[PDB]
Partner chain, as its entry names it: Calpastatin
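Quick setup: one chain, the form solved without its partner chain, written in structure tokens, and binding and motion questions come after.
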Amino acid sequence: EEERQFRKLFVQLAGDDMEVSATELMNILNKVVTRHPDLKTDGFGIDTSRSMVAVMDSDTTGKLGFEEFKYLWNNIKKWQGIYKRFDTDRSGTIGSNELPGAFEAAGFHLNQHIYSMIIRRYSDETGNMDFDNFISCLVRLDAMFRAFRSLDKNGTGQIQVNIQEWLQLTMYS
């Protein structure tokens, strides 16, 4: 009945063109936040939404089909639960001391230099990151690790790319 309620959710969200645009994604993400007032956030803007659709748009149709959206939707569902349980002091945000546990639960084993870089890019002055920033960060992190492994075909720990490839990977995100 889960695959069923989901297909129904997707049919209604995707609409006439059978795909979830950045605007449709933004709308549903903002309803999630409104239905969960314990999650602090300034909302998901169109810029963050386009960016998420882009790193998830594997077949480059510019929008999210059933499979692409499912993969993303299921990740956001997991990450939202992680955000809630790792927010130990109940501030509605994820602080620098809470971050490592959160990402580890998400399945990401990062070092201190990466964490500092993350906090500096996504967290605020106090070292706290809100809901949409947390989700936006994880969606991208997941996409980047996956892209790396995709290119690391010989499993040497290094990937080699030309300028066209580099631009596609960095600009379409």
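Numbering follows the first chain given and starts at 1.
Taking the mean C-alpha B-factor of each stretch as recorded, 45-53 and 118-126 are not equal, and the higher mean is that of 118-126. The PDB entry reports B-factors from which the mean C-alpha value can be compared for 57-65 and 28-36; the larger average falls on 57-65.
Note on the listed residues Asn74, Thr93, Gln80, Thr88: the highest Cα temperature factor in the record is that of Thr88.
If you compare the C-alpha temperature factors of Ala22, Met18, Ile159, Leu9 in the entry, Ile159 comes out highest. Split the chain's modelled residues into thirds by C-alpha temperature factor. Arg146 is in the highest one. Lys70 sits in the middle third of its chain by CA B factor, as recorded in the PDB entry.
One more form of this protein should be noted, the form deposited with its partner chain bound, which is absent from this view; the next part is about it.
Mapping the unseen interface onto this chain, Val32 counts among the residues with a heavy atom inside 4.5 Å of its partner chain in the bound PDB entry. Proximity of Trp73 to its partner chain in the bound PDB entry: non-hydrogen atoms within 4.5 Å are present. Mapping the unseen interface onto this chain, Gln80 counts among the residues with a heavy atom inside 4.5 Å of its partner chain in the bound PDB entry. Contact annotation: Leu39 falls within 4.5 Å of its partner chain in the bound PDB entry, judged by heavy atom distances.
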